[PDB]
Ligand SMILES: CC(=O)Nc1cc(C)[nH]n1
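Before any questions on how it binds or moves, here is one chain, the form solved without the named molecule, in structure tokens.
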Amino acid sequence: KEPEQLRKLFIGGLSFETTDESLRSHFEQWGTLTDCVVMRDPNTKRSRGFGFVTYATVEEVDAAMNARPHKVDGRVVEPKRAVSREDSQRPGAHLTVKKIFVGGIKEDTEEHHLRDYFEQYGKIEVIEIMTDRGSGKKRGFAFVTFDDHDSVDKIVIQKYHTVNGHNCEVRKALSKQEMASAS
């Protein structure tokens, strides 16, 4: 049994009329659901327009994710790896991005190093090992862009990532402005 957090998906953009039942009836087509709930206002019962579905295994999570686009109750919804409550506190933790910030990589890190670890998560479109402007000095971090945002989500939910023989920190990339706005 893998962790509950890794077996759960956030389902955004739910129709006003989606219920635990209708939601379950839809996502169960890809596996056994161990939890399925629609979040609604605790005071007015009004649906908050999002919910969660949890499968018995992450493989079933991947199957469902490979079944995108998902249309539930006539509304195109948006399934997403569930970000823990703790990580949801982080800036931009819920953004739909294709690029990840990879920090703490050795100076001699080369593109193949990044590929031997990240390709497993999805198609890589761009790899950028950052260096200093005019200096040429390696700055110790890189950006990797994938063709699917879920490849990023699958990555950022994991705690450790080994590149060029050592652990590195991987986060969703924030723009120059988002960074400055979260600072």
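The numbering used is simple: start at 1 and walk along the sequence shown.
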Missing coords for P79 in a third or more of other PDB entries: no
Coordinates absent for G103 in a third or more of other entries: no
Residue range whose averaged C-alpha B-factor is higher in the record, 38 to 46 or 134 to 142: 38 to 46
Mean Cα B-factor comparison, 63 to 71 or 154 to 162, giving the higher one as deposited: 63 to 71
Per the PDB entry, maximal CA B factor within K106, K98, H112, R85: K106
Record-listed C-alpha B factor of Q177: chain third: middle
Third of chain Cα B-factors occupied by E17: highest
Relative C-alpha B-factor of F118, binned into the chain's lowest, middle or highest third: lowest
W30 CA temperature factor, ranked by third within the chain: highest
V76 - which third its CA temperature factor falls in, relative to the rest of the chain: highest
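The discussion below concerns the form deposited with the named molecule bound, not included here.
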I105, heavy atom within 4.5 angstroms of the named molecule in the bound PDB entry: no
Touches the named molecule in the bound PDB entry: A56 (any heavy atom, 4.5 Å): no
The named molecule contact in the bound PDB entry: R81, any heavy atom under 4.5 Å: yes
Residues within stretch 91 to 130 having a non-hydrogen atom within 4.5 Å of the named molecule in the bound PDB entry: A93, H94, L95
Hinge of the chain between the shown form and the other one, where one rigid part gives way to the other, from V163, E59, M39, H94: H94
Note on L6-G92 C-alpha separation in the bound PDB entry, which departs from the shown form by 3 angstroms or more: closer
Sense of the change in Cα distance from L9 to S88 in the bound PDB entry - at least 3 Å versus the shown form: farther
